[PDB]
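Shown below, as structure tokens, is a lone chain in the form deposited in one PDB entry; questions about how it binds or moves come after it.
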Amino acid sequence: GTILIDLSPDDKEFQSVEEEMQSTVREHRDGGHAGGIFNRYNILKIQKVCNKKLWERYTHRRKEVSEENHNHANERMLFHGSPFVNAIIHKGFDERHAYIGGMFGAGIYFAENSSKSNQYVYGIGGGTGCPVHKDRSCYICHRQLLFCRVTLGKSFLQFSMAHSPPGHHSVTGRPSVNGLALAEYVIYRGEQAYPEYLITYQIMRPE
């Protein structure tokens, strides 16, 4: 049921998605080990992911969360990087996309920093890098991230598939050391995220 619509680079919607991608790059404490050394990306394509059944699955669950939280879905747009992006865009998020060893338990993880999600495109810790060159910092191979609509509801604040903490719909990992890191988030129901945009890109070698 999924169809992909290409956005023109002249479209305001392409431009605002690119800006979120580029402006949320940061340096990582691994010095680029997992995701590569770069300060910006070359955006190659931005596609809208359209699937009626998966959308309705998302909005059904969003209403349930909203009704449990004074009519407030607490909806965000967040990045997700995964070796399973093709499964996700066709069949939705489910328990097979959960980070089983994540620091906030077995759930599906999302990031404000695009560069954090970039660290997972080739797997946990960057795996062995790109399939073709076995390079986690490959500047040639095309990568894909998802920019996702995510329902947080009442989020458990952690300063720093399972179930949400009792009385909560998600977990927030608040950075408590790296002053420049943005928040990361975990949901425990695949129906709480819709993979809105598929972004194809390369990391760029700093000059």
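Only residues modelled in both forms are compared. All residue numbers are counted from 1 along the displayed sequence. Take the two forms, find the largest set of C-alpha atoms that superpose within 1.5 Å, and that set is the rigid core.
If you look for the form deposited in another entry, you will not find it shown, but the lines that follow are about it.
Visitor: Which is the one residue in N42, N39, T59, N178 whose C-alpha moves 2 Å or more between the shown form and the other one, relative to the superposed rigid core?
Guide: The displaced C-alpha is that of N178.
Visitor: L152 to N178, Cα distance in the other entry relative to here: closer or farther, by 3 Å or more?
Guide: It is farther: in the other entry, the C-alpha atoms of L152 and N178 lie at least 3 Å more apart than they do here.
Visitor: With a shift of at least 3 angstroms, figure out whether the C-alpha spacing between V177 and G32 grows or shrinks in the other entry: closer or farther?
Guide: Between the C-alphas of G32 and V177, the gap narrows in the other entry (3 Å or more compared with this form).
Visitor: Where exactly does the backbone move between the shown form and the other one? Looking for runs of 3+ consecutive residues, each with a CA shift of 2 angstroms or more after core alignment.
Guide: Three-plus residue runs displaced between the shown form and the other one: 95-97, 174-182.
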